[PDB]
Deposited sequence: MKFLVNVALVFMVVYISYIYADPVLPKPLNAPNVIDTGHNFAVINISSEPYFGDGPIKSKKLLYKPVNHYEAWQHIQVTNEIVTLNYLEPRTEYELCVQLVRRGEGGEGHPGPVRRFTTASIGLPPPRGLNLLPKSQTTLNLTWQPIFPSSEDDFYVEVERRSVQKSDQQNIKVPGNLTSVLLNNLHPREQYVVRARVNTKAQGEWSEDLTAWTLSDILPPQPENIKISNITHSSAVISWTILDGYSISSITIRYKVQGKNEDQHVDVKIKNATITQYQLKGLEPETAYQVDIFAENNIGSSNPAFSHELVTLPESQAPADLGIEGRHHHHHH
């Protein structure tokens, strides 16, 4: 038999992952073999679940640890395995600050910021906070980037000859990252 279609692996907690698939079409009579397997440690479990149900909760997992998962259908006959799905369980700790922070392309009313995030901490978003560097500080701007794939952003409509303070936070299930230092940005008309 062919493996389950529509296989999707999502982290629902710090110790649990949820594998879902599309309902299997029956003659008789079958079950779904699910194999999950840790990367950071040597830990494989193998679960049999009745064919008519559509998902399994994989539980008793460790925090911020990635697991590789595959599945199949057996009858009788041993079905061919699905492709390997991977996922991290949610973080137990606060996420690390984005590394390789590079401010460049500095213009009169714009600049480009680039960074790198470490995978493994369930970073769901990053925020780019920028404000005028003066001692007043009555307002700032948060650019909220909701997909952690994006590695770069261009700030726009900045004021010329102005010094800005720029910070970059990464947010996960626990909370935001804590920056030790900010970054400077000075525009030029010229």
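In sequence order, the deposited residues that have no C-alpha coordinates form the ranges 1-123, 150-151, 316-333.
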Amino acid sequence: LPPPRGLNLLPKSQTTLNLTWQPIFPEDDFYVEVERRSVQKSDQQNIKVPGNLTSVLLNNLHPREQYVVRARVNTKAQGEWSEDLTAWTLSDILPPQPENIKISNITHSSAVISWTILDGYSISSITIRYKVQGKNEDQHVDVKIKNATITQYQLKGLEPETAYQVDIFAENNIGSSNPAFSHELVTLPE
From here on, numbers count along this sequence of modelled residues.
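Comparing 107-115 with 81-89, the higher mean C-alpha B-factor in the PDB entry belongs to 107-115.
Across 136, 165, 45, 66, the entry's maximum B-factor at the CA atom is seen for 136. Annotation for residue 156: CA B-factor lies in the highest third of the chain's modelled residues.
Sorting the modelled residues of the chain by their CA temperature factor places residue 49 in the highest third. The entry lists a Cα temperature factor for residue 19 that places it in the lowest third of the chain's modelled residues. Among the modelled residues of its chain, residue 178 has a C-alpha B-factor that falls in the highest third according to the deposited record. Per the deposited record, the Cα B-factor of residue 30 falls in the highest third when ranked against the other modelled residues of its chain.
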